[PDB]
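Peer 1: Protein chains in written order, with the entry's author numbering: chain W, 10 to 85; chain Z, 2 to 59; chain M, 1 to 136; chain O, 2 to 117; chain V, 1 to 94. Where is the CB? At the ideal position from N, CA and C, for every residue including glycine. The structure under discussion is supplied below as structure tokens; questions concerning it will follow.
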Amino acid sequence: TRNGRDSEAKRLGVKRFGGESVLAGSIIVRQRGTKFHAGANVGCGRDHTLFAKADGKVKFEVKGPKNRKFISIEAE
Amino acid sequence: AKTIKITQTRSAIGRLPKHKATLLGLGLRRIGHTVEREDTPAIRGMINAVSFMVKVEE
Amino acid sequence: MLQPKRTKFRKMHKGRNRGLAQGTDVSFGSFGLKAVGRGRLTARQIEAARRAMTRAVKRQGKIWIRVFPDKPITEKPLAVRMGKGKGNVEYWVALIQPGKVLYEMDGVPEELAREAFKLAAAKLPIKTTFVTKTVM
Amino acid sequence: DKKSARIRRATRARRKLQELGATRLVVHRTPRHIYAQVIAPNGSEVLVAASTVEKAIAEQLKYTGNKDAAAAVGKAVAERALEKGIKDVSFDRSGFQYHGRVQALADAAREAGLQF
Amino acid sequence: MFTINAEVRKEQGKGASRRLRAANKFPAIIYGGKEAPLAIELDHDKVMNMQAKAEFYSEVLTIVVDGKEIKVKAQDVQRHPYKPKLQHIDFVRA
RNA sequence: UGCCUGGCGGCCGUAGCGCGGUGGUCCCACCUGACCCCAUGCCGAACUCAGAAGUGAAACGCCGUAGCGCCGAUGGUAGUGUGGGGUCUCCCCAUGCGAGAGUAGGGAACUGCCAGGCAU
RNA sequence: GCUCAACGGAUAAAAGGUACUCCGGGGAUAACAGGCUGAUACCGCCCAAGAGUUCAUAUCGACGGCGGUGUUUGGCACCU
RNA sequence: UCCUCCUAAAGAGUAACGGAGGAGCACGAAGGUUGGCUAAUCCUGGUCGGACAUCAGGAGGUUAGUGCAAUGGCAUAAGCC
RNA sequence: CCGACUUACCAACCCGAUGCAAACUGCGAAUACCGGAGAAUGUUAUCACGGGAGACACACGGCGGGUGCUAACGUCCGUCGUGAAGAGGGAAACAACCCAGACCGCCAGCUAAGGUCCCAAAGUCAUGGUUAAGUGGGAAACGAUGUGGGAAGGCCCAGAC
Ligand SMILES: [Mg+2]
Ligand SMILES: [Mg+2]
Ligand SMILES: [Mg+2]
Ligand SMILES: [Mg+2]
Ligand SMILES: [Mg+2]
Ligand SMILES: [Mg+2]
Ligand SMILES: [Mg+2]
Ligand SMILES: [Mg+2]
Ligand SMILES: [Mg+2]
Ligand SMILES: [Mg+2]
Ligand SMILES: [Mg+2]
Ligand SMILES: [Mg+2]
Ligand SMILES: [Mg+2]
Ligand SMILES: [Mg+2]
Ligand SMILES: [Mg+2]
Ligand SMILES: [Mg+2]
Ligand SMILES: [Mg+2]
Ligand SMILES: [Mg+2]
Ligand SMILES: [Mg+2]
Ligand SMILES: [Mg+2]
Ligand SMILES: [Mg+2]
Ligand SMILES: [Mg+2]
Ligand SMILES: [Mg+2]
Ligand SMILES: [Mg+2]
Ligand SMILES: [Mg+2]
Ligand SMILES: [Mg+2]
Ligand SMILES: [Mg+2]
Ligand SMILES: [Mg+2]
Ligand SMILES: [Mg+2]
Ligand SMILES: [Mg+2]
Ligand SMILES: [Mg+2]
Ligand SMILES: [Mg+2]
Ligand SMILES: [Mg+2]
Ligand SMILES: [Mg+2]
Ligand SMILES: [Mg+2]
Ligand SMILES: [Mg+2]
Ligand SMILES: [Mg+2]
Ligand SMILES: [Mg+2]
Ligand SMILES: [Mg+2]
Ligand SMILES: [Mg+2]
Ligand SMILES: [Mg+2]
Ligand SMILES: [Mg+2]
Ligand SMILES: [Mg+2]
Ligand SMILES: [Mg+2]
């Protein structure tokens with residue numbers, strides 16, 4: 010009985026979803042994976058985090074020749 | 002408005018707060034409480050969802 | 001004694017085996033044993049039933065086995081509380097799959113097949129039924 | 002193999018400019034000919050298509066696929082870009098290196114109307 | 001050649017299947033090539049006895065559904081995992 | 001208005017692999033020199049520039065094939081509450097909810113802009 | 001100036017014995033002692049190739065298991 | 001104290017004594033803006049060289065690699081100059 | 001020294017097959033989490049602030065982990081619920097098990113599990129019954145010619161056990 014560890018969970022995963030407004034500066038998703046990427050009007054930080062430069066009702070889709078899940082932006 | 006008649010036959014005592022607020026919004030407060038709502042798809046779905054602790058008569 | 005050469009990890013969860021099973025159909029042999037209910041087949045039990053079927057067939061035909069004691073269960077050696085972490089590795093089994101063929105027989109008559117499968121019922125605590133390979 | 006290798010080499014830059022959404026001056030040279038365009042920020046519509054396969058450009062240049070013809074095409078395409086009213090582009094070398102025919106044609110575009 | 005009396009199952013579903021199994025009825029479906037998919041409810045023990053024959057998955061049978069003969073043949077099967085019940089029996093038109 | 005050829009959007013394996021055949025008018029690259037602009041942790045091999053003697057071997061493009069991966073059938077399906085129960089290590093009754101698994105069944109693409117050869 | 005290493009950090013600076021002991025509380029929480037469950041101490045009950053000269057169906061029984069005495073070994077954590 | 005996974009009810013997080021592996025940084029180049037390349041593995045041949053050092057065809061493409069324990073990321077590649 | 005032949009042996013690896021999961025998801029989920037466009041409903045059940053609290057010691061009926069023995073009036077558990085805060089209502093007696101929400105009396109009506117031989121306050125009906133079990137009213141894997149049946153089958157007044 011010497012192996013009962015786990016992380017101080019960092020509270021990752023999608024936080025501000027498609028259909029929720031983006032206040033000036035707000036993120037869309039915090040994650041340790043690029044599972045949802047910077048498609049149209051979105052960008053990335055330093056430590057595998059991605060904050061969207063564009064506001065409004067966010068758009069979920071799947072694109073890429075690798076069947077990848079992105080995060081794009083609508084016209085709100 | 003097409004009011005269709007509704008009746009409570011039991012309460013949301015042993016039941017989830019979902020059912021508690023269901024009876025509360027329907028106005029159903031006690032045993033046999035006899036109410037007069039108006040029917041739409043929303044209320045019809047409510048009927049189907051909690052048709053076990055309530056009883057609707059036409 | 002059927003037992004893995006190596007396992008993925010030394011212990012594993014106690015596990016769940018509910019609902020319906022997937023070993024419904026017969027795959028390798030002519031004559032099989034069904035277990036509708038639920039339980040566990042120890043490695044000792046599986047080896048014993050294989051040896052007994054060899055005994056009955058007089059080394060005529062072949063034997064087949066589907067489930068394996070790949071899961072080393074940790075029971076607790078007696079007189080130890082729930083605490084002190086998880087228990088200790090003690091033995092190996094596979095659990096009972098509703099519809100599963102456990103042991104298989106071929107080259108011998110149906111009468112000897114049902115005899116040996118009733119003897120599997122008399123070397124196992126599990127509920128039985130006599131099955132054969134299905135036409136398509 | 003050159004075409005596939007160059008396309009993979011250029012995927013990052015082409016997708017980068019497509020997603021940036023600034024209309025990009027595109028080039029693709031070949032030893033014998035070359036095609037030069039001006040393409041929309043997303044890439045769904047061109048603006049000016051000028052190449053050494055055009056009648057006048059082909060007959061006013063002695064060799065089709067050479068750096069001098071590339072420079073002439075750069076002059077012509079950037080001046081037609083001024084005629085239509087093209088001012089701001091962000092360069093896309095399309096996976097090549099910025100030297101040779103591409104460098105001379107790009108300098109021609111700079112002289113004849115595109116700011117880069 | 002077996003001539004089997006079967007009917008049209010108006011409404012299907014899992015609860016329908018449970019009540020039909022209570023009332024001794026198990027389904028099957030007619031299909032094959034371009035024809036319209038129709039599905040039937042069968043007479044259980046009759047079908048079990050008729051498919052106990054060696055020729056059920058080989059020969060050209062005949063189905064009486066709504067007063068008409070239909071020529072079909074076996075394609076596939078599903079079975080009750082741990083009971084002698086054929087969960088499904090499959091028909092390709094002849 | 002149509003085939004071939006190139007520069008870029010719509011699908012991102014019903015596109016994608018494979019095998020049977022076709023193109024040098026325009027056309028890609030192979031290819032002549034690489035003394036040059038420019039490169040090698042050795043070679044103009046690679047890139048490239050002044051040229052078109054030839055080129056379709058590899059490649060690109062197009063048709064045929066459902067031989068693979070994929071799509072999804074319809075029956076059928078466990079499980080989620082919800083109220084009822086038991087044969088309570090787990091199974092069943094009235095519904096809403098509903099996966100997969102595969103299968104009889106389809107697809108090699110399809111689509112668009114601009115221009116070069118080709119003729120109204 | 002932090003192996004203040006327990007590191008949201010009681011101080012700049014800190015180990016033990018009590019059967020000679022004492023106070024306030026607890027069935028929160030343990031033990032003789034005091035219930036549910038039944039893996040197992042241990043007992044009852046599972047065929048039939050065979051030690052059993054062959055032989056199943058006699059000490060009997062190998063490769064191979066369930067209820068239980070609640071009676072033991074245990075599990076839980078309470079009624080006290 | 002602080003780390004990699006399932007758990008914990010397909011956002012989240014969720015236990016100690018619910019299985020496995022660790023640190024008290026290092027690189028001023030293992031870096032960045034800007035120029036490049038893309039694995040692992042096995043068959044064939046060759047003086048060394050043997051299954052594998054190195055060279056020369058072919059088969060697969062992230063099954064290679066991550067600076068660590070490892071997950072999730074990553075071809076545009078943070079993987080390799 | 002390259003070696004010639006075969007041999008109820010093992011299996012790389014691909015095909016015809018068997019697989020598998022807490023630490024794999026080329027599959028896909030459900031209620032819903034997050035939300036964004038509506039009928040009615042809800043004595044405003046949401047937010048901000050200021051005065052004061054308890055507890056940091058919740059149990060049993062409907063789910064998946066370690067557990068444990070696929071045990072428990074079992075647990076750290078994530079949880080709806082009743083109780084807690086509610087007596088009363090049946091349970092042999094035992095809040096939760098099936099309810100139900102009492103503000104107080106009056107020897108007053110439509111009412112929910114337990115419900116309807118006696119104790120006993122509720123039915124000793126008409127149609128089907130069924131059964132030697134006293135089933136109900138507790139021990140399991142095991143079975144064995146008990147027995148309502150129901151369907152299918154094979155010999156058959158040219159002889160069936
Ligand atoms: Mg299972
Ligand atoms: Mg159901
Ligand atoms: Mg060809
Ligand atoms: Mg060349
Ligand atoms: Mg060729
Ligand atoms: Mg399905
Ligand atoms: Mg499916
Ligand atoms: Mg195809
Ligand atoms: Mg093909
Ligand atoms: Mg501390
Ligand atoms: Mg004292
Ligand atoms: Mg004690
Ligand atoms: Mg006591
Ligand atoms: Mg007991
Ligand atoms: Mg035991
Ligand atoms: Mg004797
Ligand atoms: Mg005896
Ligand atoms: Mg023994
Ligand atoms: Mg006792
Ligand atoms: Mg005891
Ligand atoms: Mg306790
Ligand atoms: Mg206590
Ligand atoms: Mg989770
Ligand atoms: Mg959850
Ligand atoms: Mg770069
Ligand atoms: Mg070698
Ligand atoms: Mg690293
Ligand atoms: Mg980097
Ligand atoms: Mg699984
Ligand atoms: Mg898994
Ligand atoms: Mg509560
Ligand atoms: Mg607690
Ligand atoms: Mg449960
Ligand atoms: Mg699970
Ligand atoms: Mg549990
Ligand atoms: Mg408990
Ligand atoms: Mg329990
Ligand atoms: Mg609970
Ligand atoms: Mg009470
Ligand atoms: Mg009682
Ligand atoms: Mg009482
Ligand atoms: Mg009643
Ligand atoms: Mg009376
Ligand atoms: Mg006779």
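Based on Cα-Cα distance, which residue from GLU83/W, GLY42/W and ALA61/W lies nearest to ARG25/W?
Peer 2: By one-based count along the first sequence, residue 25/W stands at place 16. The candidate whose alpha carbon is nearest that of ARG25/W is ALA61/W.
Peer 1: Buried or exposed for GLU37/Z, please, with buried defined as at least 16 other CB atoms from any protein chain shown within 10 angstroms of its CB.
Peer 2: Sequence index remark: in the second sequence, residue 37/Z carries index 36 (1-based). Result: exposed.
Peer 1: Inspect the beta-carbon positions of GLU112/O and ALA49/W and report whether they are closer than 8 Å.
Peer 2: For the purposes of this step, residue 112/O is identified with residue 111 of the fourth sequence, where counting begins at 1. For the purposes of this step, residue 49/W is identified with residue 40 of the first sequence, where counting begins at 1. Contact: no.
Peer 1: Less than 8 Å between the beta carbons of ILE65/M and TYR103/M, yes or no?
Peer 2: Numbered from 1 along the third sequence, position 65 holds the residue referred to as residue 65/M. Numbered from 1 along the third sequence, position 103 holds the residue referred to as residue 103/M. It is a contact, given that the beta carbons lie within the stated cut-off.
Peer 1: Closest by CA to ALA52/M, which one among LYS127/M, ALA120/M, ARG18/M and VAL131/M?
Peer 2: In the third sequence, residue 52/M corresponds to position 52, counting from 1. Of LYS127/M, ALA120/M, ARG18/M and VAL131/M, the residue nearest in Cα terms is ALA120/M.
Peer 1: Please report how far the alpha carbon of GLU55/O lies from the alpha carbon of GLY86/O, in whole angstroms.
Peer 2: The residue labelled residue 55/O in the question sits at position 54 within the fourth sequence. The residue labelled residue 86/O in the question sits at position 85 within the fourth sequence. Cα to Cα, the separation comes out at about 22 Å.
Peer 1: Can you round the beta-carbon distance between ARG79/V and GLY33/V to whole angstroms, since I take them to be within the 8 Å contact cut?
Peer 2: Taking the first residue of the fifth sequence as 1, we reach residue 79/V at position 79. Taking the first residue of the fifth sequence as 1, we reach residue 33/V at position 33. That belief does not hold up - the Cβ atoms of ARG79/V and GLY33/V are roughly 25 Å apart, past 8 Å.
Peer 1: Taking 8 Å as the threshold (beta carbon to beta carbon), is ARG79/V in contact with chain M?
Peer 2: Working through the fifth sequence from its first residue, we reach residue 79/V at position 79. Yes, because at least one Cβ of chain M sits closer than 8 Å to the Cβ of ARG79/V.
Peer 1: One question on the structure: do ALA105/O and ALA71/O come within less than 8 Å of each other, judged by their Cβ atoms?
Peer 2: As a working mapping, residue 105/O is identified with position 104 in the fourth sequence. As a working mapping, residue 71/O is identified with position 70 in the fourth sequence. Yes, the pair counts as a contact, with Cβ atoms nearer than the cut-off.
Peer 1: For my contact list, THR10/Z and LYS56/Z are in at a C-beta cut-off of 8 Å; report their separation, rounded to the angstrom.
Peer 2: Numbered from its first residue, the second sequence carries residue 10/Z at position 9. Numbered from its first residue, the second sequence carries residue 56/Z at position 55. Correct: roughly 5 Å between the Cβ atoms.
Peer 1: Is the number of C-beta pairs between the segment 95 to 103 of chain O and the segment 6 to 20 of chain O that are closer than 8 Å three or more?
Peer 2: Yes, the segment 95 to 103 of chain O is in contact with the segment 6 to 20 of chain O.
Peer 1: To be precise: take each residue of the segment 25 to 58 of chain M, compare its Cβ to all Cβ atoms of chain V, and keep it if any distance is under 7 Å. Which residues remain?
Peer 2: Cβ contacts with chain V: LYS34 and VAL36.
Peer 1: Taking DSSP as the reference, what is the three-state secondary structure of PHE69/W?
Peer 2: Taking the first residue of the first sequence as position 1, residue 69/W is located at position 60. Here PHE69/W sits in strand by DSSP.
Peer 1: Would you call the segment 59 to 77 of chain W and the segment 29 to 37 of chain W in contact, with 3 or more CB pairs under 8 Å?
Peer 2: Flag = yes, the segment 59 to 77 of chain W and the segment 29 to 37 of chain W touch.
Peer 1: By Cβ distance, which residues of its chain are closer than 7 Å to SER35/W, with the 5 residues on each side in sequence left out?
Peer 2: As a position in the first sequence, residue 35/W is number 26, starting the count at 1. For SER35/W, where only same-chain residues beyond five positions count, the Cβ hits under 7 Å are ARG25.
Peer 1: Which bits of chain V does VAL135/M rub up against, with CB to CB less than 7 Å?
Peer 2: The residue given as residue 135/M occupies position 135 in the third sequence. Under the 7 Å cutoff, chain V gives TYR57.
Peer 1: Round the Cβ separation of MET105/M and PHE31/M to the nearest angstrom and send it over; I've been treating them as touching at under 8 Å.
Peer 2: Locating residue 105/M in the third sequence gives position 105, where the first residue counts as 1. Locating residue 31/M in the third sequence gives position 31, where the first residue counts as 1. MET105/M to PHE31/M, Cβ: 4 Å. Contact.
Peer 1: If the criterion is Cβ atoms closer than 8 Å, does the pair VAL39/O and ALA73/O meet it?
Peer 2: As a working mapping, residue 39/O is identified with position 38 in the fourth sequence. As a working mapping, residue 73/O is identified with position 72 in the fourth sequence. No. Outside cutoff.
Peer 1: So with CB distances below 8 Å, who are the chain V contacts of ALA120/M?
Peer 2: Position 120 of the third sequence holds residue 120/M. Residues of chain V passing the Cβ test: none, with the nearest at roughly 16 Å.
Peer 1: 8 Å is my cut-off, CB to CB: does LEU20/M come that close to chain V?
Peer 2: Counted from its first residue, the third sequence places residue 20/M at position 20. It does: the Cβ of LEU20/M has a partner Cβ on chain V nearer than 8 Å.
Peer 1: Could you tell me which whole alpha helix (DSSP H) segments of length 4 or greater appear in the segment 28 to 57 of chain M?
Peer 2: Runs found: 43 to 57.
Peer 1: Which word fits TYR64/O, buried or exposed, when buried means at least 16 other C-beta atoms lie within 10 angstroms of its C-beta?
Peer 2: As a first step, residue 64/O must be located in the fourth sequence, where it is residue number 63. So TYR64/O counts as exposed.
Peer 1: Assess contact between the segment 12 to 28 of chain M and the segment 55 to 70 of chain M, defined as three or more Cβ pairs (one per stretch) separated by less than 8 Å. Is contact present?
Peer 2: At 8 Å Cβ cutoff, the stretches touch.
Peer 1: So, with DSSP's three-state summary, where would you put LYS44/W?
Peer 2: If you number the first sequence from 1, residue 44/W lands on position 35. Here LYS44/W sits in coil by DSSP.
Peer 1: For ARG102/O, is the classification buried or exposed, using 16 other Cβ atoms within 10 angstroms of its Cβ as the cut-off for buried?
Peer 2: Sequence index remark: in the fourth sequence, residue 102/O carries index 101 (1-based). By the 10 Å Cβ count, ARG102/O comes out buried.
Peer 1: Out of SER17/V, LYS53/V and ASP76/V, which one is the CA nearest neighbour of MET1/V?
Peer 2: Working through the fifth sequence from its first residue, we reach residue 1/V at position 1. Here the closest residue by C-alpha is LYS53/V.
Peer 1: Using a Cβ-Cβ cut-off of 8 Å, state whether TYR31/V counts as contacting chain M.
Peer 2: Translated into positions along the fifth sequence, residue 31/V becomes position 31. No - not a single Cβ of chain M is within 8 Å of the one on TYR31/V.
Peer 1: Answer with yes or no whether the minimum CB distance from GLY99/M to chain V is below 8 Å.
Peer 2: Sequence index remark: in the third sequence, residue 99/M carries index 99 (1-based). So yes, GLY99/M belongs to the interface.
Peer 1: Using only the alpha-carbon positions, how far apart do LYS5/M and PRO81/V sit?
Peer 2: The residue you call residue 5/M lines up with position 5 of the third sequence. The residue you call residue 81/V lines up with position 81 of the fifth sequence. When rounded, the distance between both Cα atoms is 31 Å.
Peer 1: Expressed to the nearest angstrom, what Euclidean distance is found between the alpha-carbon atoms of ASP69/O and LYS88/O?
Peer 2: Taking the fourth sequence and counting its residues from 1, the one referred to as residue 69/O is at position 68. Taking the fourth sequence and counting its residues from 1, the one referred to as residue 88/O is at position 87. Approximately 24 Å, taken between the alpha carbons.
Peer 1: By Cβ distance below 7 Å, which residues in the same chain neighbour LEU21/W in space, the five residues on each side in sequence not counted?
Peer 2: Taking the first residue of the first sequence as 1, we reach residue 21/W at position 12. If we look at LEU21/W and ignore the five residues flanking it on each side, its Cβ neighbours are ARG39, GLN40 and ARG41.
Peer 1: Would you say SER52/O and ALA37/O are within 8 Å of each other, going by their C-beta atoms?
Peer 2: In the fourth sequence, the residue the question calls residue 52/O occupies position 51. In the fourth sequence, the residue the question calls residue 37/O occupies position 36. Cβ distance < 8 Å, so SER52/O and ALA37/O count as in contact.
Peer 1: What residues in its chain sit with their C-beta under 8 Å from that of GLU80/O, if we drop five residues either side in the sequence?
Peer 2: The residue labelled residue 80/O in the question sits at position 79 within the fourth sequence. Result list for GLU80/O: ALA113 and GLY114, in chain order.
Peer 1: Provide the residue span of the alpha helix (DSSP H) that contains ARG55/W, from first to last.
Peer 2: On the first sequence, position 46 is the one that residue 55/W refers to. Careful: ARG55/W lies outside any alpha helix (DSSP H) and carries neither H nor E.
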